[PDB]
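Colleague: Here it is: the structure, laid out below.
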Amino acid sequence: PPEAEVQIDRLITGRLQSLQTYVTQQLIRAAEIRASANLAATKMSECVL
Amino acid sequence: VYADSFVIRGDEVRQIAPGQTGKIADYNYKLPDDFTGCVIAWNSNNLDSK
């Protein structure tokens with residue numbers, strides 16, 4: 001149980017780092033997509049209408 | 001503060017510890033994995049040897 005706990009803690013730290021990296025990348029990509037969508041909405045409202 | 005005490009042989013002193021496993025460790029006295037006490041052992045042959 002002790003060494004299993006140590007190795008499981010190492011795996012937990014690695015997987016948590018991976019999840020945090022994925023979440024941060026998703027946040028940045030979502031900001032980019034939000035900017036693109038705001039541009040698209042402005043273009044629609046000012047050129048279609 | 002609990003004061004559990006017993007008499008064991010010299011070779012199983014290591015078994016009185018969190019994490020260590022053995023015959024006496026898992027059959028006579030099993031300490032918790034997270035332990036916040038003190039383990040004291042000393043030779044006392046003259047007291048109980050007839």
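Going through the structure tokens in order, the chains are called A, B, and so on, while each chain numbers its residues from 1 and the ligands are numbered from 1 in the order shown.
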Residues of chain B within 12 Å of chain A, counting only C-alpha atoms - could you list those as a PyMOL selection string?
Modeller: chain B and resi 17-21+32-34
Colleague: Pull N, CA, C and O atoms from the residues just selected and write them as a CSV table (one decimal), in the first residue's frame.
Modeller:
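Below is the file selection22.csv, written as the result:
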chain,number,residue,atom,x,y,z
B,17,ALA,N,5.4,-1.6,12.4
B,17,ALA,CA,5.6,-0.4,11.7
B,17,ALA,C,4.5,-0.2,10.6
B,17,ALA,O,4.1,-1.2,10.1
B,18,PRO,N,4.1,1.0,10.3
B,18,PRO,CA,3.1,1.2,9.2
B,18,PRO,C,3.7,0.9,7.9
B,18,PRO,O,4.7,1.5,7.5
B,19,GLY,N,3.0,0.0,7.2
B,19,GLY,CA,3.5,-0.4,5.8
B,19,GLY,C,4.2,-1.7,5.8
B,19,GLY,O,4.0,-2.5,4.8
B,20,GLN,N,5.0,-2.1,6.8
B,20,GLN,CA,5.6,-3.4,6.8
B,20,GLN,C,4.6,-4.5,7.0
B,20,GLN,O,3.6,-4.3,7.7
B,21,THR,N,4.9,-5.6,6.3
B,21,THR,CA,4.0,-6.8,6.4
B,21,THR,C,4.8,-8.0,6.8
B,21,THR,O,6.0,-8.1,6.7
B,32,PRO,N,-2.1,1.2,11.8
B,32,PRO,CA,-2.7,1.9,10.7
B,32,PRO,C,-1.6,2.4,9.7
B,32,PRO,O,-0.4,2.6,10.1
B,33,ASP,N,-2.0,2.5,8.5
B,33,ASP,CA,-1.1,2.9,7.4
B,33,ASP,C,-0.5,4.3,7.7
B,33,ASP,O,0.7,4.6,7.5
B,34,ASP,N,-1.4,5.2,8.1
B,34,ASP,CA,-1.0,6.6,8.6
B,34,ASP,C,-0.9,6.5,10.1
B,34,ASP,O,-2.0,6.5,10.8
Colleague: List the neighbours of residue 41 in chain B out to 10 Å using only C-alpha atoms; skip same-chain residues closer than 3 positions along the sequence, and give me the result as a VMD selection string.
Modeller: chain B and resid 5 to 8 10 13 16 44
Colleague: How many Å lie between CA of residue 6 in chain A and CA of residue 11 in chain B, rounded to one decimal?
Modeller: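 Distance reported for this atom pair: 27.2 Å.
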Colleague: State, in Å with one decimal place, the distance from CA of residue 25 in chain B to CA of residue 39 in chain B.
Modeller: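 If I compute the distance from CA of residue 25 in chain B to CA of residue 39 in chain B, I get 13.7 Å.
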